[PDB]
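Enquirer: Sequence plus experimental coordinates follow:
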Amino acid sequence: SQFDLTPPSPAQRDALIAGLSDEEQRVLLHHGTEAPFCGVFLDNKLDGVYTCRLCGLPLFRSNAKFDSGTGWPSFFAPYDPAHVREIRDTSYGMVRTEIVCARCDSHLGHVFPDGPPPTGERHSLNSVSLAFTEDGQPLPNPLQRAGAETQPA
Ligand SMILES: CNC(=O)[C@H](CC[S@@](C)=O)NC(C)=O
Ligand SMILES: [Zn+2]
């Protein structure tokens with residue numbers, strides 16, 4: 001990865017958390033799920049990068065976005081394999097794989113093996129877990145880190 005994946009320290013973490021909605025906290029920090037069909041990014045024409053709403057880490061490119069019919073924004077591949085981490089989720093007596101932001105450990109959604117080609121993979125996202133940066137615009141980079149994060153998306 002061209003990005004510094006070092007977790008923010010408790011101070012940087014709380015600084016960013018403080019800027020977060022009630023609802024954003026519910027999803028990102030407490031494993032919550034958006035009401036399906038309601039998220040701002042469910043339909044989004046634009047070319048660019050979907051970043052972690054907490055720490056700004058690029059998570060998904062628009063060129064990997066597709067319509068799954070589930071009511072959540074969906075991607076067949078992450079920005080970079082190392083940017084999205086998989087965690088076992090046994091909640092609701094189901095067996096699922098939660099996806100978290102590899103840097104800040106925030107909740108994003110789940111990944112499923114029922115996606116389309118090329119990958120056969122479906123990353124199912126909460127729109128509220130994401131911020132969007134259009135192609136060529138500067139990334140939010142709230143942790144002010146070097147490398148690709150100072151570059152336009
Ligand atoms: C089987 N599908 C599920 O569990 C989906 C995955 C959505 S992502 C945004 O967490 N969620 C439900 C049923 O709440
Ligand atoms: Zn993050």
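Expert: Yep, that arrived. Numbers count the residues shown, from 1 in each chain. Ligands and ions are numbered 1, 2, ... in the order given.
Enquirer: tell me which residues in stretch 117-133 are buried?
Expert: Under the neighbour-count criterion of 16 or more other Cβ atoms under 10 Å, stretch 117-133 has 121-133 buried. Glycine gets a C-beta too; all of them are placed from N, C-alpha and C.
Enquirer: any idea where the helices of the chain begin and end?
Expert: Ranges of helices in the chain, per DSSP state H, are 10-17, 22-28.
Enquirer: Indicate which one of the ones you listed is closest to residue 55.
Expert: When the helices of the chain are compared by Cβ to Cβ, helix 10-17 sits nearest residue 55, at 6.4 Å.
Enquirer: Could you give me the buried positions within that closest one?
Expert: Neighbour count says helix 10-17 has 12, 13, 16, 17 buried, by 16+ other Cβ under 10 Å.
Enquirer: for stretch 82-102, same thing?
Expert: Of all the residues in stretch 82-102, those buried under the rule 16+ other Cβ under 10 Å are 83, 84, 85, 96, 98, 99, 100, 101, 102.
Enquirer: Identify the residues contacting the third one.
Expert: With contact set as Cβ atoms under 8 Å, 6 or more residues apart in numbering, residue 85 has these partners: 99, 100, 101, 102, 105.
Enquirer: just the residues you listed now: which is nearest ligand 2?
Expert: Lowest distance from ligand 2 to the contacts of residue 85 (Cβ to the ion) belongs to residue 101, with 3.2 Å.
Enquirer: residues contacting residue 105?
Expert: When contacts are counted by Cβ under 8 Å, 6+ apart, residue 105 touches 7, 85.
Enquirer: An error on my part: the question was meant for residue 137.
Expert: 48, 152, 153.
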